[PDB]
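The next block is entry-v9.cif, given as mmCIF, C-alpha atoms.
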```cif
data_upload
#
loop_
_atom_site.label_atom_id
_atom_site.label_comp_id
_atom_site.auth_asym_id
_atom_site.auth_seq_id
_atom_site.Cartn_x
_atom_site.Cartn_y
_atom_site.Cartn_z
CA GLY A 1 96.20 -15.17 52.07
CA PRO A 2 92.95 -16.06 50.30
CA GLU A 3 92.71 -15.23 46.61
CA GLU A 4 89.56 -13.46 45.44
CA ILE A 5 87.58 -12.94 42.24
CA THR A 6 87.67 -9.21 41.50
CA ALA A 7 86.86 -6.91 38.59
CA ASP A 8 90.19 -5.14 38.14
CA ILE A 9 93.35 -6.83 36.85
CA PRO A 10 96.88 -5.41 37.23
CA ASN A 11 98.82 -4.27 34.16
CA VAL A 12 95.94 -4.65 31.68
CA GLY A 13 93.97 -2.19 29.61
CA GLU A 14 90.39 -1.07 30.04
CA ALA A 15 89.21 -2.98 26.96
CA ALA A 16 90.09 -6.29 28.65
CA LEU A 17 87.51 -5.71 31.42
CA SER A 18 84.77 -4.62 29.00
CA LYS A 19 83.32 -8.14 28.93
CA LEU A 20 83.80 -8.57 32.68
CA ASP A 21 81.13 -7.23 35.03
CA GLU A 22 81.68 -5.54 38.40
CA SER A 23 82.03 -9.00 39.98
CA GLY A 24 84.90 -10.05 37.70
CA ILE A 25 82.87 -12.65 35.77
CA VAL A 26 82.30 -12.44 32.02
CA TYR A 27 78.83 -11.40 30.90
CA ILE A 28 76.48 -14.16 29.79
CA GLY A 29 76.05 -14.01 26.02
CA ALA A 30 79.32 -12.14 25.46
CA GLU A 31 81.30 -13.36 22.47
CA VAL A 32 84.87 -14.27 23.42
CA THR A 33 87.98 -15.51 21.64
CA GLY A 34 91.36 -16.97 22.56
CA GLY A 35 93.22 -15.07 25.26
CA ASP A 36 90.20 -13.15 26.54
CA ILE A 37 89.67 -12.91 30.30
CA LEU A 38 86.75 -14.98 31.58
CA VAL A 39 86.98 -14.83 35.39
CA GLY A 40 89.16 -12.15 36.96
CA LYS A 41 91.16 -13.67 39.81
CA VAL A 42 94.37 -12.45 41.46
CA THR A 43 96.59 -14.04 44.09
CA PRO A 44 98.66 -12.10 46.66
CA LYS A 45 102.42 -12.48 46.33
CA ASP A 46 101.02 -6.93 45.87
CA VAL A 47 99.09 -9.50 43.83
CA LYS A 48 99.88 -11.72 40.86
CA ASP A 49 97.69 -12.62 37.90
CA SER A 50 95.81 -15.92 38.14
CA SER A 51 92.66 -15.12 36.15
CA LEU A 52 91.11 -17.78 33.94
CA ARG A 53 91.55 -17.17 30.21
CA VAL A 54 90.05 -18.73 27.10
CA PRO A 55 92.44 -21.37 25.67
CA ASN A 56 94.18 -20.43 22.44
CA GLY A 57 92.26 -21.40 19.32
CA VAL A 58 88.97 -21.61 21.26
CA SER A 59 86.03 -19.29 20.60
CA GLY A 60 82.30 -19.28 21.25
CA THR A 61 79.63 -17.54 23.30
CA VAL A 62 79.22 -17.68 27.07
CA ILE A 63 75.85 -19.31 27.73
CA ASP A 64 76.04 -20.34 31.40
CA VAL A 65 77.94 -19.31 34.54
CA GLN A 66 77.73 -21.37 37.74
CA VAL A 67 79.13 -20.17 41.07
CA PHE A 68 79.76 -22.57 43.96
CA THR A 69 80.63 -21.01 47.32
CA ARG A 70 81.76 -22.82 50.46
CA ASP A 71 79.63 -22.39 53.58
CA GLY A 72 80.67 -19.30 55.52
CA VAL A 73 82.20 -17.59 52.50
CA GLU A 74 80.19 -14.59 51.33
CA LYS A 75 78.28 -14.82 48.05
CA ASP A 76 78.85 -12.28 45.29
CA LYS A 77 76.18 -10.50 43.26
CA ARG A 78 76.23 -13.08 40.46
CA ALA A 79 75.63 -15.94 42.91
CA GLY B 1 71.14 -14.41 -43.14
CA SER B 2 74.56 -15.69 -44.18
CA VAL B 3 77.46 -17.65 -42.71
CA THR B 4 79.27 -14.48 -41.60
CA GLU B 5 76.21 -12.83 -40.01
CA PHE B 6 74.57 -14.61 -37.07
CA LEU B 7 70.92 -14.30 -36.12
CA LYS B 8 70.62 -12.34 -32.89
CA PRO B 9 68.45 -14.08 -30.27
CA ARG B 10 65.85 -12.05 -28.41
CA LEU B 11 63.28 -12.50 -25.67
CA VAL B 12 59.85 -13.52 -26.94
CA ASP B 13 57.79 -14.80 -23.98
CA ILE B 14 57.71 -14.70 -20.17
CA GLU B 15 55.32 -17.35 -18.83
CA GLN B 16 54.69 -16.80 -15.10
CA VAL B 17 53.40 -20.17 -13.93
CA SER B 18 53.36 -18.95 -10.31
CA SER B 19 54.73 -16.07 -8.26
CA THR B 20 58.09 -17.88 -8.13
CA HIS B 21 58.15 -20.36 -11.02
CA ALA B 22 58.76 -18.60 -14.33
CA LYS B 23 59.63 -19.44 -17.93
CA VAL B 24 61.71 -17.24 -20.25
CA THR B 25 61.87 -17.92 -23.99
CA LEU B 26 64.73 -16.70 -26.19
CA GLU B 27 64.82 -17.18 -29.96
CA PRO B 28 66.20 -17.61 -32.57
CA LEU B 29 69.54 -19.40 -32.04
CA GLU B 30 71.98 -20.69 -34.64
CA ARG B 31 72.95 -24.36 -34.29
CA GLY B 32 74.61 -24.72 -30.90
CA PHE B 33 74.45 -21.21 -29.47
CA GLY B 34 71.40 -22.34 -27.50
CA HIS B 35 73.30 -24.84 -25.36
CA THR B 36 76.22 -22.48 -24.75
CA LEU B 37 73.95 -19.56 -23.89
CA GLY B 38 71.75 -21.66 -21.61
CA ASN B 39 74.69 -23.12 -19.70
CA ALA B 40 76.35 -19.72 -19.31
CA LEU B 41 73.12 -18.10 -18.11
CA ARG B 42 72.46 -20.96 -15.68
CA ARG B 43 75.96 -20.69 -14.23
CA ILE B 44 75.75 -16.89 -13.90
CA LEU B 45 72.23 -16.81 -12.43
CA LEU B 46 72.92 -19.43 -9.75
CA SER B 47 75.87 -17.44 -8.36
CA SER B 48 75.72 -13.74 -9.37
CA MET B 49 72.12 -12.70 -8.71
CA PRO B 50 71.81 -9.80 -6.24
CA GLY B 51 69.17 -10.09 -3.55
CA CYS B 52 68.08 -8.91 -0.13
CA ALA B 53 68.53 -11.07 2.96
CA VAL B 54 68.37 -10.84 6.75
CA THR B 55 71.78 -10.18 8.33
CA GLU B 56 71.25 -9.18 11.98
CA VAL B 57 68.49 -9.74 14.53
CA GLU B 58 67.80 -8.11 17.90
CA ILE B 59 65.04 -9.39 20.18
CA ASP B 60 63.87 -7.39 23.19
CA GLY B 61 64.71 -9.81 25.99
CA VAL B 62 66.98 -12.28 24.21
CA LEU B 63 70.70 -11.88 24.91
CA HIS B 64 72.21 -14.82 23.00
CA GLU B 65 71.13 -17.34 20.38
CA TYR B 66 71.26 -20.33 22.76
CA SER B 67 68.53 -19.02 25.10
CA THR B 68 64.74 -19.13 25.22
CA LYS B 69 61.98 -16.55 25.62
CA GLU B 70 59.06 -16.93 28.03
CA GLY B 71 56.04 -17.55 25.83
CA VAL B 72 57.47 -18.51 22.45
CA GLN B 73 57.04 -22.13 21.37
CA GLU B 74 60.42 -22.36 19.60
CA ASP B 75 64.04 -21.70 20.50
CA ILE B 76 65.79 -18.46 19.58
CA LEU B 77 68.00 -20.38 17.16
CA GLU B 78 64.85 -21.74 15.53
CA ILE B 79 63.47 -18.20 15.24
CA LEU B 80 66.70 -17.09 13.55
CA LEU B 81 66.53 -20.06 11.17
CA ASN B 82 62.96 -19.18 10.16
CA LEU B 83 63.98 -15.53 9.74
CA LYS B 84 66.76 -16.70 7.41
CA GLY B 85 64.09 -17.93 5.00
CA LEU B 86 62.19 -14.63 4.91
CA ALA B 87 61.96 -13.19 1.39
CA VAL B 88 61.67 -9.42 0.97
CA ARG B 89 62.15 -6.93 -1.86
CA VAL B 90 63.77 -3.56 -1.15
CA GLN B 91 63.61 -0.58 -3.52
CA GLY B 92 65.77 2.52 -3.17
CA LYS B 93 68.49 1.37 -0.77
CA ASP B 94 70.49 -1.71 0.20
CA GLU B 95 69.95 -1.36 3.97
CA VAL B 96 66.66 -1.58 5.87
CA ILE B 97 65.64 -1.99 9.52
CA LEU B 98 62.21 -3.54 10.10
CA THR B 99 60.27 -3.76 13.37
CA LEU B 100 58.01 -6.62 14.46
CA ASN B 101 55.70 -6.45 17.48
CA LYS B 102 53.25 -9.20 18.37
CA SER B 103 51.20 -10.21 21.40
CA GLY B 104 48.64 -12.84 22.31
CA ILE B 105 48.34 -16.53 21.48
CA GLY B 106 48.97 -17.30 17.83
CA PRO B 107 51.55 -17.50 15.05
CA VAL B 108 53.76 -14.52 14.25
CA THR B 109 53.79 -14.22 10.46
CA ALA B 110 55.62 -11.85 8.14
CA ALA B 111 52.38 -9.84 7.86
CA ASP B 112 53.08 -8.55 11.38
CA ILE B 113 56.09 -6.57 10.12
CA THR B 114 55.46 -2.83 10.33
CA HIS B 115 54.72 -1.40 6.89
CA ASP B 116 57.64 0.56 5.45
CA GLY B 117 56.46 1.45 1.93
CA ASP B 118 59.74 0.76 0.11
CA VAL B 119 59.92 -2.84 1.41
CA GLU B 120 57.58 -5.49 -0.01
CA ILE B 121 56.98 -8.83 1.71
CA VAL B 122 56.74 -11.47 -1.02
CA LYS B 123 55.55 -14.11 1.49
CA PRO B 124 53.32 -12.39 4.07
CA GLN B 125 52.22 -15.74 5.56
CA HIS B 126 55.77 -16.89 6.39
CA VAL B 127 55.62 -17.89 10.06
CA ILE B 128 58.41 -16.94 12.48
CA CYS B 129 57.37 -18.09 15.96
CA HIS B 130 54.30 -19.05 18.01
CA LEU B 131 53.17 -17.17 21.12
CA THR B 132 51.60 -19.79 23.38
CA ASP B 133 50.46 -17.59 26.28
CA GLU B 134 48.60 -14.36 26.90
CA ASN B 135 50.43 -11.34 28.35
CA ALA B 136 53.51 -12.59 26.44
CA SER B 137 54.79 -10.27 23.72
CA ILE B 138 57.62 -10.45 21.19
CA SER B 139 59.46 -7.37 19.89
CA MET B 140 62.13 -7.79 17.22
CA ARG B 141 64.31 -5.50 15.11
CA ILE B 142 65.33 -7.19 11.86
CA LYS B 143 68.28 -5.96 9.78
CA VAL B 144 68.16 -6.64 6.03
CA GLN B 145 70.92 -5.95 3.50
CA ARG B 146 71.35 -6.39 -0.25
CA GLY B 147 74.22 -8.50 -1.52
CA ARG B 148 75.37 -11.45 -3.60
CA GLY B 149 76.23 -15.04 -2.85
CA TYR B 150 76.42 -16.70 0.56
CA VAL B 151 78.22 -14.74 3.29
CA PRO B 152 78.44 -16.56 6.65
CA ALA B 153 78.54 -14.84 10.02
CA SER B 154 82.29 -15.37 10.47
CA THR B 155 83.15 -13.61 7.21
CA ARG B 156 81.11 -10.54 8.19
CA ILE B 157 82.43 -10.53 11.78
CA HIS B 158 86.07 -10.81 10.67
CA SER B 159 86.20 -6.99 10.66
CA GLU B 160 85.24 -6.85 14.39
CA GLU B 161 85.20 -3.04 14.12
CA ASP B 162 81.59 -2.65 15.27
CA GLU B 163 81.91 -4.78 18.43
CA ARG B 164 78.18 -5.37 18.59
CA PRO B 165 76.66 -5.36 22.10
CA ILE B 166 75.34 -8.48 23.77
CA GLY B 167 71.96 -9.40 22.30
CA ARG B 168 72.69 -8.64 18.63
CA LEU B 169 72.51 -11.99 16.84
CA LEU B 170 74.23 -12.65 13.51
CA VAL B 171 72.58 -14.93 10.94
CA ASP B 172 74.15 -16.38 7.82
CA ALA B 173 72.95 -14.50 4.74
CA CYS B 174 72.01 -16.31 1.52
CA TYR B 175 71.57 -13.29 -0.75
CA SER B 176 70.85 -15.42 -3.82
CA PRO B 177 67.16 -15.08 -4.83
CA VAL B 178 67.32 -17.74 -7.57
CA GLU B 179 66.92 -21.28 -6.23
CA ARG B 180 66.59 -23.45 -9.34
CA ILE B 181 67.47 -23.08 -13.04
CA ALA B 182 66.77 -25.50 -15.90
CA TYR B 183 67.45 -24.71 -19.55
CA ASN B 184 65.96 -26.63 -22.48
CA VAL B 185 66.77 -26.15 -26.17
CA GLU B 186 64.26 -27.18 -28.85
CA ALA B 187 63.55 -26.42 -32.49
CA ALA B 188 62.14 -23.01 -33.43
CA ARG B 189 60.18 -22.00 -36.53
CA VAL B 190 61.50 -18.87 -38.27
CA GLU B 191 60.05 -18.59 -41.81
CA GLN B 192 62.21 -21.10 -43.74
CA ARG B 193 65.61 -21.57 -42.05
CA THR B 194 64.44 -24.92 -40.59
CA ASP B 195 67.64 -25.16 -38.50
CA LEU B 196 67.15 -22.59 -35.70
CA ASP B 197 66.63 -23.35 -32.02
CA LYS B 198 64.81 -21.67 -29.15
CA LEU B 199 65.91 -21.78 -25.51
CA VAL B 200 63.43 -21.98 -22.63
CA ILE B 201 64.76 -21.25 -19.14
CA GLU B 202 62.61 -22.41 -16.22
CA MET B 203 63.59 -20.59 -13.03
CA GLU B 204 62.27 -21.08 -9.50
CA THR B 205 63.07 -18.14 -7.22
CA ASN B 206 61.88 -16.68 -3.92
CA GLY B 207 59.68 -14.15 -5.74
CA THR B 208 61.94 -11.16 -5.05
CA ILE B 209 63.50 -11.05 -8.54
CA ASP B 210 61.91 -10.42 -11.93
CA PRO B 211 62.75 -13.24 -14.38
CA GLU B 212 63.24 -10.77 -17.24
CA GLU B 213 65.41 -8.60 -14.99
CA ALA B 214 67.37 -11.69 -13.93
CA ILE B 215 68.02 -12.68 -17.55
CA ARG B 216 69.04 -9.11 -18.40
CA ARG B 217 71.42 -8.98 -15.43
CA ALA B 218 72.98 -12.32 -16.37
CA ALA B 219 73.51 -11.16 -19.95
CA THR B 220 75.04 -7.89 -18.74
CA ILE B 221 77.41 -9.77 -16.42
CA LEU B 222 78.45 -12.11 -19.23
CA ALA B 223 79.11 -9.21 -21.62
CA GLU B 224 81.08 -7.27 -19.00
CA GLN B 225 83.22 -10.33 -18.28
CA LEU B 226 83.73 -11.07 -21.99
CA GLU B 227 84.72 -7.51 -22.95
CA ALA B 228 88.17 -8.28 -21.52
CA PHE B 229 88.55 -11.14 -24.01
CA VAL B 230 87.14 -8.88 -26.73
CA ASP B 231 89.94 -6.39 -26.07
CA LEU B 232 92.70 -8.98 -25.46
CA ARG B 233 95.47 -6.57 -24.51
CA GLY C 1 91.64 -25.55 50.53
CA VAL C 2 89.25 -24.08 47.93
CA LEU C 3 86.64 -21.48 48.88
CA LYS C 4 85.04 -20.72 45.50
CA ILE C 5 84.48 -22.29 42.08
CA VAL C 6 83.24 -20.53 38.93
CA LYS C 7 82.35 -22.59 35.86
CA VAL C 8 81.81 -20.91 32.48
CA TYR C 9 80.24 -22.70 29.52
CA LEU C 10 81.16 -21.67 25.97
CA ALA C 11 78.97 -22.74 23.04
CA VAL C 12 80.39 -22.78 19.51
CA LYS C 13 78.97 -23.78 16.13
CA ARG C 14 80.98 -26.18 13.97
CA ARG C 15 80.10 -26.19 10.27
CA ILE C 16 80.98 -28.85 7.72
CA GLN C 17 84.32 -28.25 6.01
CA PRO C 18 86.92 -30.27 4.08
CA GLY C 19 88.68 -32.79 6.30
CA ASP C 20 85.61 -33.59 8.41
CA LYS C 21 84.72 -37.27 8.64
CA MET C 22 81.31 -38.33 7.34
CA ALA C 23 79.88 -41.82 6.97
CA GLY C 24 76.73 -43.77 6.24
CA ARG C 25 75.15 -46.67 8.10
CA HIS C 26 76.96 -49.31 6.01
CA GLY C 27 80.56 -48.52 6.97
CA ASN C 28 81.20 -46.18 4.01
CA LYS C 29 83.34 -43.67 5.88
CA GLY C 30 85.20 -40.82 4.23
CA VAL C 31 86.48 -37.28 4.52
CA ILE C 32 85.13 -34.19 2.77
CA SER C 33 87.53 -33.27 -0.03
CA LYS C 34 85.96 -30.17 -1.58
CA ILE C 35 82.93 -27.93 -1.04
CA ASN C 36 81.87 -27.64 -4.67
CA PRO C 37 79.85 -24.60 -5.77
CA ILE C 38 76.15 -25.10 -6.36
CA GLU C 39 76.46 -24.36 -10.09
CA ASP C 40 79.31 -26.86 -10.55
CA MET C 41 77.53 -29.90 -9.12
CA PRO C 42 75.80 -32.31 -11.52
CA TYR C 43 72.11 -31.65 -12.16
CA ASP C 44 69.23 -33.62 -13.65
CA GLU C 45 66.71 -32.65 -16.33
CA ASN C 46 64.62 -30.61 -13.88
CA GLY C 47 67.74 -28.64 -12.94
CA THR C 48 68.00 -29.83 -9.33
CA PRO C 49 71.65 -30.44 -8.38
CA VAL C 50 72.72 -33.35 -6.23
#
```
Could you write out this file's structure as structure tokens?
Amino acid sequence: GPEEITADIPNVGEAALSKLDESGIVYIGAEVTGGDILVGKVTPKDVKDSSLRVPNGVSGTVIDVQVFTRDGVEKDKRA
Amino acid sequence: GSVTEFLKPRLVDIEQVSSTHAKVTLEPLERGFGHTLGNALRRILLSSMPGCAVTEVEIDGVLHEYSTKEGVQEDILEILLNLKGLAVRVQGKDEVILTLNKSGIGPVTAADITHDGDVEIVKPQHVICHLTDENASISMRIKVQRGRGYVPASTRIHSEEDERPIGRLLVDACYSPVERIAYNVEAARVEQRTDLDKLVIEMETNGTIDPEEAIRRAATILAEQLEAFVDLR
Amino acid sequence: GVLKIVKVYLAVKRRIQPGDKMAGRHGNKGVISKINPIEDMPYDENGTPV
């Protein structure tokens, strides 16, 4: 099946999704560190974790988020 | 008056060349104490002078430092850098929140800060940003704390207990109010000793510290540090 | 095969620290060895440190 970008993530705490919005994408201007969730994505196996995470030893501030959607696929709120 | 008893130096003149440049004269000194005292005071003043500095900023529409505001002529990072150079004097407490609200075309100087009574702006003409369009307004909440030395943003954020919301910008704090020190030892005339010296300390600050108070604080720090050697177990 | 792409840009500030490589325009490269305190650096008659 098709994987999707969603807010919730299995087997994680609530503090992990604090930076993520309702669309599963980290807030612009949110300070992040190594291991933090950036884009919440899961893949059906019910689902397995495939979300993008900040590489270890990498920090900074999110300053830009770009969303590219194929024609026909619905666009989320951030797009 | 003898070999065993030393002449105690004391302050004799405070020449305020400008609001920042100042001269402090100490005399008399006994054949080499001038150089030692001047070097010790210069080393203490350049590193252990308490002062007030801007720590956190919060603009109305700005959400991170790498963005821009509609109307301002400079970047948000530039605004933070200019705010870093703001010199204020705080009496009563070590924590103050100031509010700035400006509108219309023109510079936004430190004189636009809302009057607080216990906070004095040494440089009221210090510019911050430039509003280049009508109907464009800037609203800022500046956070100022008292401290010592240079504390970067990472050192303060290492606690991470506050977890500041998006839009609260951290700026490196240079709490030191003394920017330049130069000591000079020359001959001093005291009745008939003919071998005493006077020490003149020229200090350039940001205007938020009294030169006499700075000298007194440096002497107090030196005495407090040296009392341990005085005791010596 | 792909139906969506999301790119996130992270901006960080790198400050000078020992081990960083600095050079002039005449090939005089080197690495920072120590960040000396302001009061420890040599100063002239006017009191301005280098």
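At a cut-off of 8 Å from (85.5, -32.9, 0.7), the residue set is residues 17, 18, 19, 20, 31, 32, 33, 34 and 35 of chain C (counting all atoms listed in the file).
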Distance query residue A:33 at most 7 Å, all atoms listed in the file, self and fewer than 4 positions along chain excluded, as a PyMOL selection string
chain A and resi 54+58-60
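Separating atom CA of residue B:126 from atom CA of residue B:96 is a distance of 18.8 Å.
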Would you translate the PyMOL selection byres ((chain C) within 6 of (chain A)) into the concrete set of residues it matches in this file, as a PyMOL selection string?
chain C and resi 3-12
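Computed from the coordinates, the atom CA of residue B:31 to atom CA of residue B:184 distance equals 13.9 Å.
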Decode the PyMOL selection byres ((chain B and resi 82) around 12) for the given file into explicit residues and return them as a VMD selection string.
chain B and resid 54 57 74 to 81 83 to 87 108 to 110 126 to 130 171 to 172
Mind listing as number ranges by chain which residues of chain B are within 6 Å of chain C, counting all atoms listed in the file?
B: 43, 181-182
Would you kindly return, as a count of residues only, each protein, DNA or RNA residue with an atom no farther than 12 Å from any atom of residue B:135, considering all atoms listed in the file and excluding same-chain residues fewer than 4 positions away?
8
Check which residues of chain B sit at most 7 Å from chain A using all atoms listed in the file, and return one row each with the closest pair of atoms and their distance in Å to one decimal, ordered by chain and rising number, as a Markdown table.
```
| residue | atom | partner | partner_atom | distance |
| --- | --- | --- | --- | --- |
| B:63 | CA | A:29 | CA | 5.9 |
| B:64 | CA | A:29 | CA | 5.0 |
| B:66 | CA | A:63 | CA | 6.8 |
| B:166 | CA | A:30 | CA | 5.7 |
```
Once the PyMOL selection byres ((chain B and resi 17) around 12) is applied to the coordinates I shared, what remains selected? I want it as a list in words.
residues 14, 15, 16, 18, 19, 20, 21, 22, 23, 24, 202, 203, 204, 205, 207 and 211 of chain B
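Taking all atoms listed in the file into account, residue A:11 lies nearest to A:48 out of the set A:48, A:37, A:43, A:77.
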For stretch 66-77 of chain A, take all atoms listed in the file, fit an axis-aligned box around them, add 8 Å to each of the six sides, then output centre and edge lengths in Å rounded to one decimal, as JSON.
```
{"center_x": 79.2, "center_y": -16.7, "center_z": 46.6, "size_x": 22.0, "size_y": 28.3, "size_z": 33.8}
```
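Among the candidates A:35, A:24, A:57, A:44, the one nearest to residue A:6 when counting all atoms listed in the file is A:24.
Proximity ranking of A:1, A:76, A:40, A:56 relative to residue A:18 places A:40 first, based on only C-alpha atoms.
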Scan for residues within 12 Å of the point (83.3, -17.7, 9.1) in the coordinates of the file, using all atoms listed in the file, and reply as a JSON list (two decimals) with C-alpha atoms, in the frame of the given file.
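As a result, point.json now contains:
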```json
[["chain", "number", "residue", "atom", "x", "y", "z"],
["A", 59, "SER", "CA", 86.03, -19.29, 20.60],
["B", 150, "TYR", "CA", 76.42, -16.70, 0.56],
["B", 151, "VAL", "CA", 78.22, -14.74, 3.29],
["B", 152, "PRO", "CA", 78.44, -16.56, 6.65],
["B", 153, "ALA", "CA", 78.54, -14.84, 10.02],
["B", 154, "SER", "CA", 82.29, -15.37, 10.47],
["B", 155, "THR", "CA", 83.15, -13.61, 7.21],
["B", 156, "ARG", "CA", 81.11, -10.54, 8.19],
["B", 157, "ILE", "CA", 82.43, -10.53, 11.78],
["B", 158, "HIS", "CA", 86.07, -10.81, 10.67],
["B", 159, "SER", "CA", 86.20, -6.99, 10.66],
["B", 170, "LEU", "CA", 74.23, -12.65, 13.51],
["B", 171, "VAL", "CA", 72.58, -14.93, 10.94],
["B", 172, "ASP", "CA", 74.15, -16.38, 7.82],
["B", 173, "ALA", "CA", 72.95, -14.50, 4.74],
["C", 12, "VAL", "CA", 80.39, -22.78, 19.51],
["C", 13, "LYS", "CA", 78.97, -23.78, 16.13],
["C", 14, "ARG", "CA", 80.98, -26.18, 13.97],
["C", 15, "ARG", "CA", 80.10, -26.19, 10.27],
["C", 16, "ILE", "CA", 80.98, -28.85, 7.72],
["C", 17, "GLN", "CA", 84.32, -28.25, 6.01]]
```
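We find atom CA of residue B:230 and atom CA of residue B:8 to be spaced 18.0 Å apart.
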